[PDB]
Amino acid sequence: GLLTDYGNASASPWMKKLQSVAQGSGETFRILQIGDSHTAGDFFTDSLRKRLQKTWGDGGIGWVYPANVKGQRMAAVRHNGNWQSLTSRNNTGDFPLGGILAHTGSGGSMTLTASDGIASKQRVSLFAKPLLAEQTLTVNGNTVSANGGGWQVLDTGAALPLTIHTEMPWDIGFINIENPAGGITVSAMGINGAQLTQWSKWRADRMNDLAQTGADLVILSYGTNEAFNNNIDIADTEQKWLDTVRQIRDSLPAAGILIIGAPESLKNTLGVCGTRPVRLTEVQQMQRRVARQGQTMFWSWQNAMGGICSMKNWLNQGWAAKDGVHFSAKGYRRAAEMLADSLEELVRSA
């Protein structure tokens, strides 16, 4: 119902990897959710994280912020250091995939500490761009060096708590922190206010970054902010979305793709039903058509909530925030548990 497969998940390379993980192959199945504020809060993705890791294995915390990001949250890790984040929300820059970077400065320091969960040894990768080629940094004392200049991914091995020292300045992107025993990771790549087309704000080679995430399931979670643009061109947007899906399949041939249809939002809540933004329905329908033409999976967040005229009720019962757009912690948890439910069923239907 809530989940519609317009591809063939049962015969896909990524289902086969997941089934094999479910049986104890020791591999790591990486779920990567790229989206807007709903994603950036981590309440949704973290619920998804906890659910699917109990079911199929805790593969570690995955790709996390390199530093605290104002107005955004990482549930799985805590940050202590002097690095300074920058995001594509209000700014321009040479962003790697995700639209977040952090300026380390000289004499730079960052420690990441695991919230709950396990706390021993880990595989570590970092998106990173040095000021100078061949430049180095340390990860738990161990010297790690760039190869040439420009954004690249640095691979090494460490353990949590993770401490990173930069004698000279770097820009750092997301940091991958994987448990060697394998399992599931759920990575959240959110930007408050973001629309999918705004990957255009990130660097030209952003798809090479995507290719390097090792994502087995890319979840695209947008629509809310597109829906508040009263003058949005749906046909232009639809083409951009199909292009993006195409680029994702080129970049990650083996990954599945899930598009999350936008939740009901309200332009105002004075209705006892509220009133929807004028372009919301067109945006949601566009997203489903893209899913079908791109042969992706589609999960209807609006239908998860109960369909049209459901947001007002969610608000009244405290599962959605007062603004009729964002959700409460338990609202996001609830919604993601339904998504997790939907995915386990899809898998169970072997």
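When you see a residue number, it is the position in the sequence shown, counting from 1.
Enquirer: Determine, for stretches 164-172 and 120-128, which one has the higher mean CA B-factor as deposited.
Expert: Of 120-128 and 164-172, the stretch with the higher C-alpha B-factor average is 120-128.
Enquirer: For the stretches 155-163 and 96-104, which has the higher mean C-alpha B-factor as given in the deposited record?
Expert: Comparing 155-163 with 96-104, the higher average CA B-factor belongs to 155-163.
Enquirer: Return the residue from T213, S187, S145, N231 that has the highest Cα B-factor in the entry.
Expert: Of the candidates given, the C-alpha B-factor peaks at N231.
Enquirer: According to the Cα B-factor stored in this entry, which of the following is highest: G71, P263, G193, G271?
Expert: Among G71, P263, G193, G271, the highest C-alpha B-factor in the entry belongs to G271.
Enquirer: Looking at the temperature factor on the CA atom of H38, which third of the chain's modelled residues does it land in?
Expert: Middle third of the chain for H38's C-alpha B-factor.
Enquirer: Would the CA B-factor of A254 place it in the lowest, middle or highest third of its chain?
Expert: Ranked within chain, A254 CA B lands in the middle tercile.
Enquirer: Using the temperature factors of the C-alpha atoms in this entry, rank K267 within its chain: lowest, middle or highest third.
Expert: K267: CA B-factor falls in the highest third of its chain.
Enquirer: Sorting the chain's CA B-factors, does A11 end up in the lowest, middle or highest third?
Expert: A11: CA B-factor falls in the highest third of its chain.
Enquirer: C-alpha B factor of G294, ranked within the chain: lowest, middle or highest third?
Expert: For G294, the deposited C-alpha B-factor lands in the middle third.
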